[PDB]
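Participant: missing the sequence, but the structure's below:
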Ligand SMILES: Cc1cc2nc3c(=O)[nH]c(=O)nc-3n(C[C@H](O)[C@H](O)[C@H](O)COP(=O)(O)OP(=O)(O)OC[C@H]3O[C@@H](n4cnc5c(N)ncnc54)[C@H](O)[C@@H]3O)c2cc1C
Ligand code: SF4
Ligand code: SF4
Ligand code: SF4
Ligand code: SF4
């Protein structure tokens, strides 16, 4: 089955998830103003799959369980599937202008499926079967599964087994006959609080001495010992203001991060996908990161469509839409944004099947996609700020625009003065103009700048991470031989 | 006479300023958590003038009244005075990492001083004497004067006298035998609320049809009919949280903006510096902006020095300080920051005396300075984000770090888990690392990002405003003749 | 039938082409040292189609004539065909590091094919039959057809029918019962001198007043009244030096341009593909330029691979290859070059069939590919110059390196001193080092810089030409509505 | 005294300098086409000094000999002198658009003056007196002295004393009672062939193992054992064409490089400035390189003025001068060019006296100047190429434009067709349009590209050379302390 958005929300209310914020446990986190935006954002992935206008792109027949499923849970069977994933992601970014979270499950399912096949090939284990039966259950129930890779990591100069505190990468602390017990944490986890399950993977290649840190598994979000500590966001507490609407920029949607703590969690044998086979952890890292780097050529481009649209609208509202330099800046934003799309589509079109059978992207081209993602969203935002003008960051509050407090000589109110002085071109009301300038404030400096700017920098790895792999994947010694041939060198 | 910081703060509590925020009048605005950072920042200009270590830079002898005055009130008497102004601003940027506001007073005094001399030379008026006597009063009492130029402007495609609402540029609405009555507003005014006086200037050159808009004057900040509406800032309400400290990034200092409404304010004749001589409005704009564009070559460079420092410290605390790519990014930051300083210093060294006798910067080089200001701070922040890592935007609240709520199997509290998991290199405590990461959050995305990024874009004119003047000041026709000579064209 | 490389060259010797250089007719132009590199370069497209290792990419079965043909003459039947074209072009750029010219043929055939189909549907003409019979002749005989679009153009501020001299765009000057007479010229034509035929196309959209300029046709390269004047290239006369080899950088290959003059040339009815249907001139322009813009994503990327290899080898020869900064600059060159490739592959994968049934690229994504081509080759060259060092532009002549003239106190020769003083790592002989530095001189400043740098800037249109179309194709008003929905605006 | 340009040229004819090119000795090198543009270029430093309109900037009173001298031989006595140096170099760049060479003498005199003072203080040697007596000779005779620092260097990863060939850095090979004997070579030496004297300096800091390489001296350009080998330039042999003029771009001026060989040259005691005091080699390097880095802030900006003038004039001639994107690119070129000027002026204004008494630039700001010099000239050329159009690199030869060869049906000549087809706006003749397009070809890809692009990259060190010192000069640890203070860190 496929759940409606409404059924998705009701299922969360039945979970026993432990959520903490500002030193207190949140009992009704589903309705909490600082969390519900991220829930509305992933709820869109259920909603569009219910719409016939998008059902073909949003859903597909599973080859695993022979029924229709959301495309966010499918195993790629061709390069056409790789391209549709990117187009689906561009659609959701246009619809939400934020992080809609579900891509990490999709990308972890494909990386774990393929990696578990080759682990078993070598060691005679049964991880691939563990994973395959687990994905059947997710596909049967339309559940959200949080992919979690990045540990807190401690001292960046040392290996996992060289740290002063051995808990700073997640690790196995006991092997039982029926399961394992793990201890540690995963940081920066967008959407973890509103997931049904979590799938964990190691963050880096592992040597033999690091073998207890070579662990992968899946578990319910309310598993014994598991809890979450919310992470703050720029402008987060504006959502706690009574009547908050215009000053939010994006009232309906958002994405939020949490620290996920595993305080000695027991994993049964059939949920384990990796257990001390240190030589396959870097494979898991490479393939998950690769799919996530591909993903940004869809989601960031969709969000960039909305930023471009809001800057263009602001120029109309201000009255400056005919100026040549404003038109030229909008072309530049379009050009950079579509270059990102080109990298996402190209790494899809040049993909190939893994030994397990499912399709994977061209890893060099996905690395080039991500490297551009660390640069162009920042410039798209800078050009948006130019076009908008200074009022996007100096505007009085919404409470002031609606205030009936009298302040003028002839009985004029604060609200009267605000609506009068911030009027502009005849094509908008003052409130319409303020709404689009707050949308820009929110994604240029506010809660959504966290995703569009800083997650673009570090998501699926900081820039140096891709540069190291681009050098290895660049074939430079083969290129030196091309130069010898042209220059006349034997 | 020079005031101490304590005396400045006491002088504000005697003022009757009308300050409104979220629909309510703020009675004790001097102690309001969202406004006091602003006050502490300007108060540093008083504090350092009391320190013999900085006494030389911070003070000088008045050429109008002979006494020692703060350099922020001095008429420049050489290009050595112009370079010292820039160096003074770099120092205050290093000490506050924010906008310390007082520069607009300095820059308005020097522009209105030289322009009023020329108005009088032509029309037989007395505005130069009016201004000179006014500046003696300021020099005697060490007061803060808010320079206010930018109107709301309404429809950007129309002239001031063609707007549908004639009040969207500030204008003369009555002329009496003893003074004038003005109506309108000035937007984006940083430090307006904690000034003793305001000095108003027009925002663009004016035609004869716009002559009611060619007005300049000074007035006390509590003159009758004058009031302010606070503008919001990214993360502003973090300041209202109980025990707010680490999560603010910059707890002591900040710079906040407001809408200044002139609800039929009367100005006596001795306080008028321009009154319908429309042909000199453009001169006032050119010179005030020219000095403000010079000013950024000192203040943004000193703020930049702290950002560079914080990024370098974060690398040490993370443990990644020996990596070649981190070292190269710190060098790039340093290079871009010093390029700004070179523009600031050069436009100063190439300055010259006005007819009135005070010194002015090279207008072309100051425009080049500000054009680079619209670009390099944004790249300095992007590089800082890279070096810091993801925790800068996903960190739990300081209340979580301090929380004794028990959540671990063996009695561990929320505070213990945060302090354990976010530990890094042995060079810091966890709290120290969280403090530098929050400083970076605040200036890359939060309340200080408003000044370091978006005011760098629009302060003293959006980028296209300098480009238009660089073309005019470029001597392109003379350069075409250089080319003809070399290419052998007659 | 496919021709061998040697048969291509002998076929050129039978033509009566009229070629002029430095004021004289060149009778044996096939062996002239300043023209033979162009011929050697095109000749590789025949040579590689004879090698079974490349034969699959270089050749394909024609649906039109029912035999295997060179892929450079094929009408695209699928997006797979569009991706193979780009991959073939990367292969040839790796093998020659230059402009191998034959792409303009391929690209003109697909554009004229799809355009003439639609002219005929609207007007009842039979240009589509004229064109398919002509393409049959070209496919049976394996000939080179130079696509010629860009006129000299005259005063850039005026339309073709408004020029002072009506000949500055090519036009019909007479209509006869058996054909037409055309007069004018096409400038900048790479490979025109070593083509068997020419296919002419208008350079811009045309109005009714310009209808005599709306003309397209094919003619033999030795048609009566047709002649060529060679254009100069940087370092071109180094090819005239006795024993020239090392100082050429690329001895075997190059690409040279000429002015093609139509001195009242008669075209028979069967060779005419457009004749005064002004409303289809812009269709031909958009489709030919769109394919050529796609082409750069393959050819400049293959050339870029050789430049990267040459810089990397120079670092090995100099002995600086282990330096972190050198490594990082080679990664930047690789990243930028592969970004170009992604744009070439993506506009191919997102392609579609025309009404005529052959496939065409996504025009927006091709425009994005070309816009990046105007930027990234220039930066790849700059980083290559950094890595190579100063000797690439101050090296003594190869005549000095082999000179036996005695200049040392103990009998040492000029050649002795040059081989001694410019030695470096044991990895190379001095001569080997000089060979790779001369390759870089030739592509960074010399003969190959004309194509890798300046043709990247202007080929298939100057950058503003793509910016105009990106605005139209950018769907900006639809993006404004996305922003409204997020911001809460009706 | 001061020589006239004609007297300078005549003095060269009396030198017995040994010059070789293409395997042959050149006896009359003063009139050789490939060398005379270099001589004309330095000759302008004499011509301008004879001009009353320029004499005050071009000449100054020597405090060493009490007479009027060319400013290119002066020891700086103030920061005003440092600024005037920069302005004189901008003037000469405007007048020649090339490398006028004499700066290296000026910059070597000031660095050797100050360094020898400190050597003598530590070792009791007489090098300072040797130098001051030498500069008196140069000032009384108005001579050109070539500063020569860069050796060929061999394996870049090894120190001079670790090279396999010990002559790849210049060294002392014999010490006599009356002087020393030196052996080795200096590469890349611009204007070496037409200097009267040479002044040699080491190229890198030296350890005790390298003490035989710590050598500095001066010698006549025709000293026994000294000779030069010409280095090639892009497009060099166009100067050998009969009647060469338009196709040269810059017919009168240029700057060429040579390998200077020291084949066991004797240097008398009174001409030695450093002889194995290894601990002072690094000081001489830092000071000479810092002055030359400052110099680019003037010379490349003067050349950049001419490139901006030539692109603007090309737009007028083409007829595209009203286009907004053309205007914006000319503004961009102007902006980047003046940014370089700001760095040149700033490092001058922030100068200071050495222990010896003459003034030196701020070394950090000169390093910032030169780092921007490695970037901005490349972008200024790319934009000029855009504005010019493709004809700058595809134009027929001047011999074709003048050819009377008949090729038209009606008797038209090759020259007739060229002058006809390459006409454009009414503001120019075709010949005037071709002259400016050829100037741009010559500095974007030809002979002047060597200087404006590649010497901007490597002269006074490759980019990495400045980045290493910016890290050392950046006070990063002091900046960390500023961040601690603001973030609340003890
Ligand atoms: C046209 C021109 C004119 C010149 N005129 C003069 C002149 O008149 N007088 C003068 O004395 N000099 C002159 N120079 C020479 C100039 O100073 C140099 O080119 C440069 O300082 C010396 O470097 P190089 O040419 O040996 O290059 P290399 O040192 O070989 O540099 C190539 C690259 O390798 C890197 N590299 C090299 N060594 C190391 C290392 N140890 N560690 C890490 N990376 C390394 C460099 O940073 C660079 O990226 C001129 C240069 C040019 C191009
Ligand atoms: S950042 Fe993008 S790809 Fe990653 S989970 Fe969010 S929406 Fe998806
Ligand atoms: S932005 Fe800078 S120059 Fe302007 S008032 Fe603030 S601290 Fe001063
Ligand atoms: S520039 Fe490239 S696409 Fe065009 S004809 Fe040359 S090799 Fe082919
Ligand atoms: S490159 Fe410039 S500073 Fe150096 S010698 Fe030439 S003209 Fe002077």
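Facilitator: Yep, it's here. Residues are numbered from 1 along each chain as shown, chains lettered A, B, ... in the order given. Ligands and ions are numbered 1, 2, ... in the order given.
Participant: quick check: phi and psi on the residue in chain A that ligand 3 sits nearest to?
Facilitator: Closest residue of chain A to ligand 3, C-beta to the nearest ligand atom: residue A:390 (12.2 Å). From N, CA and C alone the C-beta is placed, and that goes for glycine too. When read as degrees, to the nearest 10, the backbone of residue A:390 gives phi -70, psi -20.
Participant: distance-wise, check it relative to residue A:291.
Facilitator: According to C-beta to C-beta, to the nearest Å, residue A:390 and residue A:291 sit 41 Å apart.
Participant: looking at these two now, which is surrounded by more residues?
Facilitator: Neighbour tally, residue A:390 and residue A:291, criterion other C-beta atoms under 10 Å in any protein chain shown: the higher count belongs to residue A:291, 26 against 21.
Participant: verify the stated contact: the more buried one with residue A:110.
Facilitator: Yes: between residue A:291 and residue A:110 there is a contact under C-beta atoms under 8 Å: 5.8 Å.
Participant: next, show the common contact partners of those two.
Facilitator: The contact sets of residue A:291 and residue A:110 overlap at residue A:360 (C-beta atoms under 8 Å, 6 or more residues apart in numbering or on different chains).
Participant: and chain A, which residues reach chain D?
Facilitator: Proximity of chain A to chain D, by C-beta under 8 Å from any C-beta of the partner chain, involves residues A:324, A:325, A:328.
Participant: from the residues you listed, which is closest to residue A:195?
Facilitator: Of all these, residue A:328 has the smallest distance to residue A:195: 43.4 Å, by C-beta to C-beta.
Participant: need the three-state assignment for that closest one.
Facilitator: With DSSP: H, G, I helix; E, B strand; the rest coil as the basis, residue A:328 sits in helix.
Participant: what residues are up against it?
Facilitator: Neighbours of residue A:328 in contact, by C-beta under 8 Å, 6+ apart: C:467, D:324, D:325, D:328.
Participant: among those residues, which one lies nearest to residue D:431?
Facilitator: The closest of the contacts of residue A:328, once distances to residue D:431 are taken by C-beta to C-beta, is residue D:325, at 27.9 Å.
Participant: the closest residue to that closest one other than its chain neighbours: helix or strand, and which one exactly?
Facilitator: Leaving aside its sequence neighbours, residue D:325 sits nearest to residue C:464 (C-beta to C-beta, 6 or more residues apart in numbering or on different chains; 4.9 Å). Secondary structure from DSSP states H and E places residue C:464 in helix C:463-473.
Participant: and whichever strand or helix holds residue A:147, what does it pack onto?
Facilitator: Assigned by DSSP H and E, residue A:147 belongs to strand A:145-148. Other elements packing on strand A:145-148 under the criterion 3 or more C-beta pairs under 8 Å, 6 or more residues apart in numbering or on different chains; DSSP states H and E are helix A:103-123, strand A:179-190, strand A:197-200.
Participant: apply 10 Å and report the result again.
Facilitator: helix A:103-123, helix A:127-141, strand A:179-190, strand A:197-200, strand A:215-220, strand A:257-268, helix A:281-318 (3 or more C-beta pairs under 10 Å, 6 or more residues apart in numbering or on different chains; DSSP states H and E).
Participant: which residues touch the nearest residue to residue A:197 once chain neighbours are set aside?
Facilitator: For residue A:197, ignoring the flanking residues on the chain, the nearest one in space by C-beta to C-beta, 6+ apart is residue A:145 at 4.5 Å. By C-beta atoms under 10 Å, 6 or more residues apart in numbering or on different chains, the contact list for residue A:145 reads A:72-73, A:102, A:104-106, A:108-109, A:134-135, A:138, A:191, A:195-199, A:218-219, A:221.
Participant: and ligand 3, which of those residues reach it?
Facilitator: Among those, no residue lies close to ligand 3 (C-beta under 6 Å from any ligand atom).
Participant: any idea how far residue A:339 lies from residue A:311?
Facilitator: Noted for residue A:339: a distance of 18 Å to residue A:311, by C-beta to C-beta.
Participant: what of residue A:153?
Facilitator: Plainly put, residue A:153 is 37 Å away from residue A:311 if you go by C-beta to C-beta.
Participant: and the residue in the stretch 201-350 of chain A positioned nearest to chain C, what does it touch?
Facilitator: Residue nearest to chain C within the stretch 201-350 of chain A: residue A:309 (3.1 Å; C-beta to the nearest C-beta). By C-beta under 10 Å, 6+ apart, the residues touching residue A:309 are A:94, A:97, A:330, A:436, A:439, C:475-487.
Participant: may I have the phi/psi pair for the closest residue to it other than its chain neighbours?
Facilitator: Distances taken as C-beta to C-beta, 6+ apart place residue C:479 nearest to residue A:309, at 3.1 Å, with adjacent residues excluded. Backbone torsions of residue C:479, given as degrees, to the nearest 10, read phi -70, psi -30.
Participant: residues in contact with residue C:479?
Facilitator: Residues near residue C:479 by C-beta under 10 Å, 6+ apart: A:94, A:304-313, A:330, A:334.
Participant: filter these down to the buried ones.
Facilitator: The neighbour-count test (16 or more other C-beta atoms under 10 Å in any protein chain shown) marks A:94, A:304-313, A:330, A:334 as buried among the contacts of residue C:479.
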